[PDB]
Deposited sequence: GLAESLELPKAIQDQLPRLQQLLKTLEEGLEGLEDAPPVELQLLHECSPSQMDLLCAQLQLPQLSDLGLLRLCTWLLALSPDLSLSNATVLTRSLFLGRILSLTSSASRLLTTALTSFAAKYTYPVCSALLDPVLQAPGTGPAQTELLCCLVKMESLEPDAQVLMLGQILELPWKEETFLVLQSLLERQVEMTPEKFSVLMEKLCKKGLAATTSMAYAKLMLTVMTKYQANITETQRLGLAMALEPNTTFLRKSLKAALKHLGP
């Protein structure tokens, strides 16, 4: 309805692409190489017309294998678009842990496109209503990947801090913070402000990780802020948190 046009070669080769995808459900052909004709907006349109969200798990894994062999590499933004089209709907639809094939497809694609996969799925997954352990376990796994390099971890931390904070975010953030990711004092200030401003075990563990792994960054005002956030007897991990707090004094 928005009338964006696919690149000429793509419009022309489109039944061939639909053909190839069907075979995957039954080394990449040059037709897949045509993905490079697309801007990311065109890639989004193309993915929808290919009906990528509707591939079987097997078709998905096979297509990911082909995508991983593409040379040159997909650009950051094109890889971001493809990731969402390939995986977002499937992940959001989970009511149980991801199948072996889904997990294999996602992790092998992320092993190469680590930052693009993580940045592509983090926001929409966390911002979706009713996101649960089946969704957060995959996000936790992504952010723990050894191939998510130190600078990409810094970038993901910045992205997580900008999200509204609820239990699912606490889990993913704690997983990333366990890796000892560096933060500018400005980012650390945001983290502390949100932390100091609760009933869950996930919030307790997040708090504990921050107080123990980032002790060197905690200012006296932040310490007092933590002190206030801890007073009540309703909180989880009271004893460990009090101990961690006393250590900062």
Where the deposited sequence has no C-alpha coordinates (positions from 1, in order): 1-2, 29-35, 207-211, 264
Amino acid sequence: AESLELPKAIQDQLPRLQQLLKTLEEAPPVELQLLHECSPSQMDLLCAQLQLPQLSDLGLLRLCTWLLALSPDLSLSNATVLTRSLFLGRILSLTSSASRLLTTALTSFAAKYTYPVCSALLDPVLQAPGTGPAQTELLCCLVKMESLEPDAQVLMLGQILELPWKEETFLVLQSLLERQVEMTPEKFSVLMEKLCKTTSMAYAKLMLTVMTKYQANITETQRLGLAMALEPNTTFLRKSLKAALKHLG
From here on, numbers count along this sequence of modelled residues.
Which of 9-17 and 230-238 has higher mean CA B factor, as the PDB entry lists it: 230-238
Higher-scoring stretch by recorded Cα B factor average, 204-212 or 51-59: 51-59
Which of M183, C196, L67, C38 ranks first by CA B-factor in the deposited coordinates: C196
Most elevated Cα B-factor in the entry, residues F109, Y115, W165, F87: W165
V81 CA temperature factor, ranked by third within the chain: lowest
Chain third (lowest, middle, highest) by recorded CA B-factor, residue given as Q174: lowest
For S93, the third of its chain into which the C-alpha B factor falls: middle
Lowest, middle or highest third - CA B-factor, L155: lowest
Chain-relative CA temperature factor third for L224: middle
